[PDB]
C-alpha cells in the first residue's frame, strides 16, 4: 500500500476503509493464494494475524505509520483468522473489524455454510442492522431449503407478510432487507411448506426473544449495545493453563437462586422492564434480571471464594421446568432475566471480580415445540428423518442430524458464538452418552448399527471432536467439561490422541461413591472403605472434575444435610468432612447453590433458595466453613498445581477400615508446600493416632473441620504438632495426632519454626 492511502486512513479522509482494511486477495498461484490483511490500530505497537484453525501466527508489520499494519500470507483460503493487538504491556485477541464489508450473504458465505465450515455464520443468518442500497434497515436471512415460500412477519407490517416475501438464494437460504426498521423489531418467519401448509417460526439465529410463553424474535444490534472492560481477564485466561489453577465452581440456576417482588418493575442496566412472574401459582414473585444478579450474585460468590460460576442453560427455552435443558432459541440468552446487554454486563462484572463463567450448553437435542427448530421447512431439517437416530423417545425430543453440514454448522458456530459475543470462559455438556451411542435408551430391534457394525454414533463423535478442536484453537485457556456416564474412554484427552477433546470430565463414580458412603451409618462405614479409595484407581485416565451437582439434590434424594445419618450435630459434621475431603482429593471442584449454607429442603426450580436459614448460627457457620475452605484452596499450591500428575498425591495409610480413617499427601513444585491430610469418618475421636510424615519438623494444623467457628466441637492439636523420629507408614517420621470426630485435618510443615 502507498503512504497516501495510509494517510487517508489515519486522517479519516478515505472514502471507504473496507477497500484497504481487512483481508484482500493479492494473487492466485497454482496451489495457493497470496492475501494481505491490513489493520489500523491506533495506540497499538505491534500486531499479529492468528490462523487458529491452522495453528499459525504471523507478525504484522507497520507500514508508513506506526499504527497501520499489514501482513502478507499465502494459503489457499483465508476464511478464519483473528488479530492479536499489543498496546503497551497488554495484548487482546479480536476478530477483524473489517472482516465483512456487507450485511448480505456473499457467495463465499453460502459456500462455506454449505460445507459446514462457516464459523461466523451468525453474522449473516438471523437479523442484522445494516445498510443496503444506501438505506439503513435490517437484513433477515434463514436456511429453509424445502420451503415453498417464506415471509417476514412482525410488528412493522401488522403480522402480514405479503409485501415482505423473502428471496430464495442458491436453492437454500431466504433473505430480505427491510428498510427503516431497527433494533427492537419483533418478528417471525412465515413459512409455507411443500404441501402448502402455512406456519410461524421463531428465528433459529435470533439474538433476543419475547418472554416465554410468547416466542417472537427480536432484532438486536449486538455489536453496539455494550462496552466491555475485561481485556485484562481475557489476556490472562488466554495465557494460562486452567488445569494448573484452582477451579472451584458454584453451580447456579439463574431462575431459582433468588426471586424479587412482582409488585415492581425489573431493573435493567440503565433501564427497566415489566416483571417476569415466576409462575401462576406464585404470582407475587418475579425473576431477578441479569443486571440484579450481577449486583447480588457476583459479590456473594466473590465473598464465598469460588473461582467460577457455572450456569444451568441460559439459552432461550420455553418451559421453566426443563431447567433450561430443552432449548428452542440457541442464539439468545433467555429473556426471563432481561436483555442481551444485561447478560453481557453480568459476564463483564464477573471478570472484573476475577470470576469465570461456565455455560451449560445443550447440543444433544431439542424439543418439539412448533415455534422451534422441529420439522423446520416441512422436512426433517435439523433433526434426522429416521426416528431410530433422530428422536429420543423416552424424552419426547428430537436429535440433531450431526452429519448434515448446515446443522453441524448451526451448532459449531453456536458454541463459538457464546465465547465471541458474550466472553464466556467455559462450557459444560450434560449427558454426552446421549450423543455418542446409536442405541441410547433404545431397545433391541429399535436402533441400527453404524456402518462398521458398532454402536458408536460416528457423526456425533466427529461433531464433538470438531467443537472441541475449534474451541481451544480460537479461545485457548477455556474449560470444556463433559458429563459422560458410560466409561467411554479418553473423554478429556486431545483429539489428536484419540480423545473427544474436553479438558475435564465429571467424576460421576466418585460422586456416587461419596454420597453413598456418607449416607451409611458411621459404624457401618468399615464395610465400605473401598468407597473412599476406589476412585483413585482410574483417576489418572481422565482429568476429573469432582462435582456434587443440582441433579443430586432433587427427586427424593434430599439436600446434603438430609442425606447424612445421626443427630443434627453429626449431620453438619458429615457435610464438613465430606466437603473437606472433596476439596483435598485430587481434581477440580463443583458444588450447587444451597449446599454452601445447609439448606434442608431439596432444590425446587419453581421457588428460590431458603435464604432465611442464614438468620441462624448453624447455617452461618457452615457458610463460613465454605468461605474458609475456598480461601485455603486458592492459597495452597499443593491443592491445585498437580491435580493431574502422580506427584500431586500419595496415600499415607488407607487400611484402617475398622476406624474409617484415611490419610494422604498432596504436593506441588516446592516440597515445603506439601500437605498432610487426615480424615476421620466416624464420630469417635482419637486422642493419639499416628500418621507417618516425610520430614522432621513442626506440622502446623492449617485446617480443621471440627473448629468451633464451623460448628464443630473444637477438638484438635492446638496449633500443630512436632514430628517424632519414629518410623510409621513407611516413612521415617510420624505425628501423634488428636483426630476430631467426623472431621478432616490439613497439616503443613513450617520449616522455620523454633525448637
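Numbering follows the first chain given and starts at 1.
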{"property": "191-199 versus 394-402 - greater average Cα B-factor per the deposited record", "result": "191-199"}
{"property": "Of 47-55 and 724-732, the one with larger mean CA B-factor", "result": "724-732"}
{"property": "Residue, from 276, 496, 357, 293, that the PDB entry assigns the highest Cα B-factor", "result": "496"}
{"property": "Which of 122, 581, 330, 100 ranks first by CA B-factor in the deposited coordinates", "result": "100"}
{"property": "Residue 76 by Cα B-factor - lowest, middle or highest third of the modelled chain", "result": "highest"}
{"property": "Residue 383 by Cα B-factor - lowest, middle or highest third of the modelled chain", "result": "lowest"}
{"property": "Assigned third (lowest, middle, highest) for the C-alpha B factor of residue 447", "result": "highest"}
{"property": "CA B-factor placement of residue 654, once the chain's modelled residues are sorted into thirds", "result": "highest"}
{"property": "Residue 268 - Cα temperature factor, lowest/middle/highest third of chain", "result": "highest"}
